[PDB]
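Participant: After the structure tokens below, expect a handful of questions from me.
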Amino acid sequence: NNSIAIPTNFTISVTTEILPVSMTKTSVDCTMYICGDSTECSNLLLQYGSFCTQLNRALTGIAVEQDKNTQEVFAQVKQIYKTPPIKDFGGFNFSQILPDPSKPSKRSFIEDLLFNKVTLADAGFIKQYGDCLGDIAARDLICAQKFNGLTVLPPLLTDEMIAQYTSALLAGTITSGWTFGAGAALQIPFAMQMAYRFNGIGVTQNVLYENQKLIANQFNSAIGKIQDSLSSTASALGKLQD
Amino acid sequence: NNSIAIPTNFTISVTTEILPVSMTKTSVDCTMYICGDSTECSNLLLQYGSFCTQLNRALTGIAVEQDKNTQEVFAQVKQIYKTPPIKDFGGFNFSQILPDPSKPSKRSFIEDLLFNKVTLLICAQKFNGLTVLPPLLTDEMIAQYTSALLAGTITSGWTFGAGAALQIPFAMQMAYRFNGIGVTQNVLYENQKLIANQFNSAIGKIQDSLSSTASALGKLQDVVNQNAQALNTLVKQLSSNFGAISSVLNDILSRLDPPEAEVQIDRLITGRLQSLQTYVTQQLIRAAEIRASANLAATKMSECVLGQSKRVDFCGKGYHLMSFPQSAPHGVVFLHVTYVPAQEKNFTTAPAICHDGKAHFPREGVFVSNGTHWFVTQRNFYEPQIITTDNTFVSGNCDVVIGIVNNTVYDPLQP
Amino acid sequence: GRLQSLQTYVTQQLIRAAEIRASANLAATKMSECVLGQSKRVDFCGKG
Amino acid sequence: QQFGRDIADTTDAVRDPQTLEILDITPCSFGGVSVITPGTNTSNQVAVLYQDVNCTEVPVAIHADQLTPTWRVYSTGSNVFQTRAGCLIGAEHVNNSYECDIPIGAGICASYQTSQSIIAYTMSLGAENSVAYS
Amino acid sequence: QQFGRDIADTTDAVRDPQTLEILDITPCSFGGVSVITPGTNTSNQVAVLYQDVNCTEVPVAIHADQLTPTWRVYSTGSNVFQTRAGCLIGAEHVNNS
Ligand SMILES: *[C@@H]1O[C@H](CO)[C@@H](O)[C@H](O)[C@H]1NC(C)=O
Ligand SMILES: *[C@@H]1O[C@H](CO)[C@@H](O)[C@H](O)[C@H]1NC(C)=O
């Protein structure tokens, strides 16, 4: 009741949190699935009422929902900010998360690792589904019809489009922090931005500036640790692979 | 690395958020639906097990839930407050959202726009074994809860949500609410008339937006449409024979005797029972959708309305000040009042200041210079203030910080 | 049989859609609070 | 044409074969019935609610004329009150307003109090308050 | 061998009993179509999208020999555009975003 402990030091820890957003958009042609190319069966299906009219309506509702799910999480800023050409953020090192213009697509270096952690190899229907678009030798290869009416609609927002949102979000956060999400983006040095963010934790600003270089090294090394976790055999993308 | 943008202005944005709270309560009877007034069919249905009890029990679980959903969303305060007759809120114009007794209904104006913008043989389906139980809380009473919530918010602010209501002038309530955004009270009082005009105009634009043909109540209208098509489909399935000779039980019992009519009548029951099973299962999933929305609506009122929430983009776009709840058909409409920063200006900034070989940091604000002289200013607004030892705290020396700049800090007691 | 199989798959999809949608709403909340601002909610935007 | 059908393929109209006059068919009055019970621990008095049903065709629902005398209470008595939820029997309407005990629907609630009977009333939203704002 | 079956236990390969050759099976139904149109009160113009269907294979898939002229106009013309989501017919592609 008369003894307290107060930290004399700190460590900047970066952790990865993975959350599913959208699932595969699938549509089923009930007449084909249940009565594939059979006129006699189709007549009998009508005797069962408008059952699968609901199913198409239900699946369609899910299909549009996925696009809404992706939009409401990524499409939160209508301004596509771009990172400045000079990467002078007070010693902070964002190359491993910012987009790489050298690559044909705008995906950042870490996003490349994430895409490689999810594979369709352990899948029969889906894996052979993609190969159809790459088949030219086969005559009249209409694979929208070969799978008993089971088709996978493409996402409304392609991967390249989504990557632009994240790059815009990173650019706004890096150069403006929190203002851009609460109005027009406000430029501010990254050293000042973190100083305010520290001030929100209850530690005065002088802590950051007095050892700004030390903090930058801690963050850069912390980002490096994510590389080993993701670039190695360790598969932390269990919430998306499932 | 040495440029900052400090807004010199602001804009009070009153955005609207729409959330479903409850859906139409429905109850279905097996006998009316599957075996309508038929003794032979009903006697043959009871041997299918306790499916029907599950159907009725599941729907009643939904029906009571819908009544509950409205309770958390609206019945947050057990005290019904009344706004004073005198509308003296420092120029703020509340008459167009508080209840107006000049109409037979005790709803308010913005509340009435909403009821007219949601469109509800509908009664014919109610006579085919389908019943629509009325909500426990009627529209007039739900409107009284919102009026009570408003009367507390304007008169008492957030105190009434944390215990006994504490009357406070609305000018001061907004003044502290700026203080919670990090905005000093002097900003509001120096331009109180400007803020009121923006708020008054902001509410007006909501009326014009809703009064026009732009139907933004898609969510609430979707709930009505979703329920309507589900019921319409459910009754429509009674016209399908499911492989039987006819889709009407009465004809089959008339043209066929029991011993060979058992095959036909059983076919209809399986099809009708399956269709009813599809309806309840779909309804149960929808109830979860509404329940999640109802919890979100209750959460928003608890935080956005009953207090000021620091959660970004949770209680409106921008720095949220305070919200107003409004009753709507099968849902609730929030009028989030947010403090949106406005016109900016370039400024040269340094992390600290070095005067007597010692670094000075801003107690609350940032160091800015408009070209010739350095000033310490608010982060969310621009009121330049002279650098003083009482406005800055010293920590360390000047050879450690990067970006520090020479400047003289005025001592408030030296002269 | 096929209709029930198709109906069962659709029903399971709806349940999975809600779980994903619930996760999506949480993701938007985290993006709204953790990314676009600083959150004081403990253990909501990391550890610490 | 001789038969008119609705969306559910149920004949909602007909023509009399004897005389060529258009004749309408509407389903007979029906609805669910609910019972308001204060609790077997408290007492055994019960009020029965006929949901969304006119009070004018309550007794015809059953053959109470040739039934046990206990079933005659539905053909007489002053405990017959009409509500938006339906026809309520076994409870008396009271002008006063109290907190909801047994929710009924349409803003009315039932409770048991004291000679002894079940009362149906409009639920009170809460203690009336008037903030002394100035 | 006499015949081949796929994962769903449906015929997908077979050998000619006479020449004992190798041949495959190519089902042809073409039920995967969508309709794009604004409000009917606004206009009657409609654009049709065929999911994951090659634009060049539309005339063969549609079985034009048994189609009305109203559908034939949707198999060829100038307003034919190929997209990763499928073939879009009846809509004029534009550079602007
Ligand atoms: C900021 O960047 C400019 C760009 O060249 C440079 O001249 C200046 O020295 C930098 N200042 C600090 C404090 O990093
Ligand atoms: C929409 O339809 C209505 C008919 O109810 C018509 O009056 C109106 O002009 C139409 N508007 C458009 C843009 O098509």
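Residues are named by chain letter and number: chains run A, B, ... in the order of the structure tokens, numbers start at 1 in each chain, and ligands are numbered from 1 in the order shown.
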Using only C-alpha atoms, I'd like every residue of chain A that has an atom within 6 Å of chain C; please write them out as a PyMOL selection string.

Facilitator: chain A and resi 21+69+73+178+181

Participant: Output the selection as a JSON list (two decimals), in the first residue's frame - N, CA and C atoms for each residue.

Facilitator:
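File produced: part-v9.json:
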```
[["chain", "number", "residue", "atom", "x", "y", "z"],
["A", 21, "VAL", "N", -13.39, -10.43, -44.34],
["A", 21, "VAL", "CA", -14.25, -9.34, -44.80],
["A", 21, "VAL", "C", -15.31, -9.85, -45.77],
["A", 69, "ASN", "N", -19.76, -5.35, -47.88],
["A", 69, "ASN", "CA", -18.81, -5.59, -46.80],
["A", 69, "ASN", "C", -17.45, -5.01, -47.13],
["A", 73, "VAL", "N", -15.52, -1.17, -45.36],
["A", 73, "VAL", "CA", -14.29, -1.29, -44.58],
["A", 73, "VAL", "C", -13.12, -0.60, -45.26],
["A", 178, "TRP", "N", -4.85, 11.30, -38.27],
["A", 178, "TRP", "CA", -6.26, 11.06, -38.01],
["A", 178, "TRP", "C", -7.18, 12.12, -38.62],
["A", 181, "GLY", "N", -9.38, 11.30, -41.84],
["A", 181, "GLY", "CA", -10.60, 10.56, -41.59],
["A", 181, "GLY", "C", -11.70, 11.36, -40.91]]
```

Participant: Can you work out which residues are within 12 Å of ligand 2, considering only C-alpha atoms and all ligand atoms, and then hand them over as a count of residues only?

Facilitator: 10

Participant: If the cut-off is 12 Å, can you tell me the residues of chain B near chain C, counting only C-alpha atoms? I'd like them as a ChimeraX atom specification.

Facilitator: /B:271,274-275,277-293,296,309-319

Participant: Could you dump the residues just selected with N, CA, C and O atoms as a compact mmCIF listing (two decimals), in the first residue's frame?

Facilitator:
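As a result, selection.txt now contains:
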```txt
# COMPACT_ATOMS: atom_id res chain seq x y z
N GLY B 271 -44.60 -30.66 -48.61
CA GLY B 271 -44.22 -29.45 -49.32
C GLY B 271 -44.55 -28.19 -48.54
O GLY B 271 -43.72 -27.28 -48.42
N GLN B 274 -42.29 -27.93 -45.47
CA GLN B 274 -40.95 -27.52 -45.85
C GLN B 274 -40.90 -26.03 -46.17
O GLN B 274 -39.97 -25.33 -45.77
N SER B 275 -41.90 -25.52 -46.90
CA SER B 275 -41.93 -24.10 -47.22
C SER B 275 -42.05 -23.26 -45.96
O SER B 275 -41.38 -22.23 -45.82
N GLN B 277 -41.04 -24.23 -43.02
CA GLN B 277 -39.75 -24.38 -42.36
C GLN B 277 -38.72 -23.45 -42.97
O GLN B 277 -37.85 -22.92 -42.27
N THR B 278 -38.78 -23.25 -44.29
CA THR B 278 -37.87 -22.30 -44.93
C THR B 278 -38.14 -20.88 -44.45
O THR B 278 -37.20 -20.10 -44.24
N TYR B 279 -39.41 -20.53 -44.27
CA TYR B 279 -39.75 -19.16 -43.87
C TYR B 279 -39.22 -18.85 -42.48
O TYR B 279 -38.61 -17.79 -42.26
N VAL B 280 -39.43 -19.75 -41.52
CA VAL B 280 -38.99 -19.48 -40.15
C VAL B 280 -37.47 -19.45 -40.08
O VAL B 280 -36.89 -18.60 -39.39
N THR B 281 -36.80 -20.36 -40.79
CA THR B 281 -35.34 -20.38 -40.77
C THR B 281 -34.78 -19.09 -41.36
O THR B 281 -33.83 -18.51 -40.83
N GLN B 282 -35.36 -18.63 -42.47
CA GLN B 282 -34.95 -17.35 -43.04
C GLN B 282 -35.27 -16.21 -42.08
O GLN B 282 -34.48 -15.27 -41.93
N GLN B 283 -36.43 -16.27 -41.42
CA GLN B 283 -36.79 -15.23 -40.47
C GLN B 283 -35.83 -15.20 -39.29
O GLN B 283 -35.43 -14.13 -38.82
N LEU B 284 -35.44 -16.38 -38.79
CA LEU B 284 -34.53 -16.43 -37.65
C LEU B 284 -33.20 -15.77 -38.00
O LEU B 284 -32.63 -15.05 -37.17
N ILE B 285 -32.70 -16.01 -39.21
CA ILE B 285 -31.46 -15.38 -39.63
C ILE B 285 -31.64 -13.87 -39.72
O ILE B 285 -30.77 -13.10 -39.31
N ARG B 286 -32.78 -13.43 -40.27
CA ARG B 286 -33.04 -11.99 -40.34
C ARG B 286 -33.14 -11.38 -38.96
O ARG B 286 -32.67 -10.26 -38.73
N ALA B 287 -33.75 -12.10 -38.01
CA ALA B 287 -33.82 -11.59 -36.64
C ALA B 287 -32.43 -11.32 -36.08
O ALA B 287 -32.22 -10.33 -35.37
N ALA B 288 -31.47 -12.19 -36.40
CA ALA B 288 -30.09 -11.93 -35.99
C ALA B 288 -29.56 -10.66 -36.65
O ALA B 288 -28.86 -9.87 -36.01
N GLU B 289 -29.89 -10.45 -37.93
CA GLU B 289 -29.47 -9.23 -38.60
C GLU B 289 -30.04 -8.00 -37.90
O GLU B 289 -29.33 -7.02 -37.67
N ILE B 290 -31.33 -8.05 -37.56
CA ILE B 290 -31.95 -6.93 -36.86
C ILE B 290 -31.40 -6.81 -35.45
O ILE B 290 -31.16 -5.70 -34.95
N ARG B 291 -31.20 -7.95 -34.78
CA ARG B 291 -30.69 -7.91 -33.41
C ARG B 291 -29.31 -7.26 -33.36
O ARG B 291 -29.03 -6.47 -32.45
N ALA B 292 -28.45 -7.57 -34.32
CA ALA B 292 -27.16 -6.89 -34.39
C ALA B 292 -27.35 -5.40 -34.63
O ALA B 292 -26.66 -4.57 -34.01
N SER B 293 -28.27 -5.03 -35.52
CA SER B 293 -28.57 -3.62 -35.73
C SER B 293 -29.17 -2.99 -34.49
O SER B 293 -28.82 -1.86 -34.12
N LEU B 296 -26.49 -2.34 -32.11
CA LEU B 296 -25.73 -1.19 -32.58
C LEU B 296 -26.50 0.10 -32.33
O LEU B 296 -25.92 1.11 -31.92
N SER B 309 -18.81 10.70 -27.77
CA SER B 309 -18.01 9.51 -28.04
C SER B 309 -16.75 9.90 -28.80
O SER B 309 -16.83 10.60 -29.82
N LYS B 310 -15.60 9.45 -28.31
CA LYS B 310 -14.33 9.68 -28.98
C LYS B 310 -14.11 8.74 -30.15
O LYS B 310 -13.17 8.95 -30.92
N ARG B 311 -14.93 7.71 -30.30
CA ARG B 311 -14.76 6.75 -31.38
C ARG B 311 -14.93 7.45 -32.72
O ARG B 311 -15.98 8.05 -32.99
N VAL B 312 -13.91 7.37 -33.56
CA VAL B 312 -13.91 8.08 -34.83
C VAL B 312 -14.84 7.37 -35.81
O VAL B 312 -14.81 6.14 -35.95
N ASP B 313 -15.67 8.16 -36.50
CA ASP B 313 -16.55 7.65 -37.54
C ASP B 313 -17.52 6.61 -36.97
O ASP B 313 -17.94 5.68 -37.67
N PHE B 314 -17.86 6.74 -35.69
CA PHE B 314 -18.89 5.92 -35.06
C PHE B 314 -20.17 6.70 -34.82
O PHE B 314 -21.27 6.15 -34.99
N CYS B 315 -20.06 7.96 -34.42
CA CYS B 315 -21.19 8.84 -34.16
C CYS B 315 -21.21 10.00 -35.15
O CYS B 315 -21.42 11.15 -34.78
N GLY B 316 -20.98 9.69 -36.42
CA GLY B 316 -20.97 10.68 -37.48
C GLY B 316 -19.56 10.93 -38.00
O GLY B 316 -18.56 10.59 -37.38
N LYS B 317 -19.51 11.56 -39.17
CA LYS B 317 -18.25 11.87 -39.82
C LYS B 317 -17.66 13.13 -39.21
O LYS B 317 -18.35 14.15 -39.08
N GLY B 318 -16.40 13.06 -38.82
CA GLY B 318 -15.73 14.16 -38.16
C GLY B 318 -15.78 14.02 -36.65
O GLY B 318 -16.27 13.04 -36.09
N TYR B 319 -15.28 15.06 -35.98
CA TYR B 319 -15.27 15.09 -34.52
C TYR B 319 -16.71 15.21 -34.03
O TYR B 319 -17.32 16.27 -34.13
```

Participant: So which residues of range 13-58 of chain D fall under strand (DSSP E or B) by DSSP, listed as a list in words?

Facilitator: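 The strand (DSSP E or B) residues within range 13-58 of chain D come out as residues 13, 14, 15, 22, 23, 24, 33, 34, 35, 36, 47, 48, 49, 50 and 51 of chain D.
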
Participant: Take the selection from the previous step and output its residues with N, CA and C atoms, as an mmCIF file, in the first residue's frame.

Facilitator:
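Output contents, as saved in result-v3.cif:
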```
data_model
loop_
_atom_site.group_PDB
_atom_site.id
_atom_site.type_symbol
_atom_site.label_atom_id
_atom_site.label_comp_id
_atom_site.auth_asym_id
_atom_site.auth_seq_id
_atom_site.Cartn_x
_atom_site.Cartn_y
_atom_site.Cartn_z
ATOM 1 N N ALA D 13 -64.135 -15.594 -54.602
ATOM 2 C CA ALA D 13 -65.385 -15.157 -55.202
ATOM 3 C C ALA D 13 -66.004 -16.347 -55.915
ATOM 4 N N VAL D 14 -67.314 -16.267 -56.143
ATOM 5 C CA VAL D 14 -68.053 -17.365 -56.756
ATOM 6 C C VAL D 14 -69.346 -16.810 -57.331
ATOM 7 N N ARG D 15 -69.942 -17.555 -58.257
ATOM 8 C CA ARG D 15 -71.237 -17.232 -58.834
ATOM 9 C C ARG D 15 -72.214 -18.338 -58.469
ATOM 10 N N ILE D 22 -73.017 -12.464 -58.891
ATOM 11 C CA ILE D 22 -71.668 -12.559 -58.345
ATOM 12 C C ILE D 22 -71.760 -12.607 -56.828
ATOM 13 N N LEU D 23 -71.095 -13.591 -56.230
ATOM 14 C CA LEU D 23 -71.130 -13.814 -54.793
ATOM 15 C C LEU D 23 -69.709 -13.877 -54.254
ATOM 16 N N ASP D 24 -69.489 -13.220 -53.121
ATOM 17 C CA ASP D 24 -68.166 -13.100 -52.528
ATOM 18 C C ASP D 24 -67.981 -14.141 -51.433
ATOM 19 N N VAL D 33 -55.554 -17.166 -29.463
ATOM 20 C CA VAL D 33 -56.039 -16.832 -28.129
ATOM 21 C C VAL D 33 -54.878 -16.944 -27.154
ATOM 22 N N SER D 34 -54.754 -15.953 -26.275
ATOM 23 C CA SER D 34 -53.711 -15.916 -25.265
ATOM 24 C C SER D 34 -54.352 -15.761 -23.896
ATOM 25 N N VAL D 35 -53.642 -16.225 -22.872
ATOM 26 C CA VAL D 35 -54.127 -16.210 -21.497
ATOM 27 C C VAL D 35 -53.152 -15.402 -20.654
ATOM 28 N N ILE D 36 -53.684 -14.472 -19.872
ATOM 29 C CA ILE D 36 -52.895 -13.665 -18.952
ATOM 30 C C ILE D 36 -53.033 -14.295 -17.574
ATOM 31 N N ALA D 47 -57.187 -13.939 -17.368
ATOM 32 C CA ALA D 47 -57.848 -13.157 -18.402
ATOM 33 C C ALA D 47 -57.410 -13.675 -19.764
ATOM 34 N N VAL D 48 -58.380 -13.972 -20.624
ATOM 35 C CA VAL D 48 -58.125 -14.553 -21.936
ATOM 36 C C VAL D 48 -58.236 -13.457 -22.984
ATOM 37 N N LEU D 49 -57.274 -13.420 -23.901
ATOM 38 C CA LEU D 49 -57.211 -12.420 -24.957
ATOM 39 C C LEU D 49 -57.450 -13.086 -26.302
ATOM 40 N N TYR D 50 -58.407 -12.556 -27.062
ATOM 41 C CA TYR D 50 -58.686 -13.009 -28.424
ATOM 42 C C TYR D 50 -58.030 -12.009 -29.370
ATOM 43 N N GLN D 51 -56.884 -12.390 -29.927
ATOM 44 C CA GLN D 51 -56.049 -11.439 -30.650
ATOM 45 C C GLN D 51 -56.717 -10.995 -31.944
#
```

Participant: In range 89-322 of chain B, what's helix (DSSP H, G or I) per DSSP? Answer as a PyMOL selection string?

Facilitator: chain B and resi 109-116+122-125+139-156+159-162+170-181+185-190+192-211+218-239+249-255+258-305

Participant: Restricting the calculation to only C-alpha atoms: of A:62, A:77, A:32, A:86, which residue gets closest to chain E?

Facilitator: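 Closest residue, counting only C-alpha atoms: A:32.
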
Participant: Using only C-alpha atoms and all ligand atoms, what are the residues with an atom within 7 Å of ligand 1, set out as an MDAnalysis selection string?

Facilitator: (chainID A and resid 88 90) or (chainID B and resid 1:2 402:403)
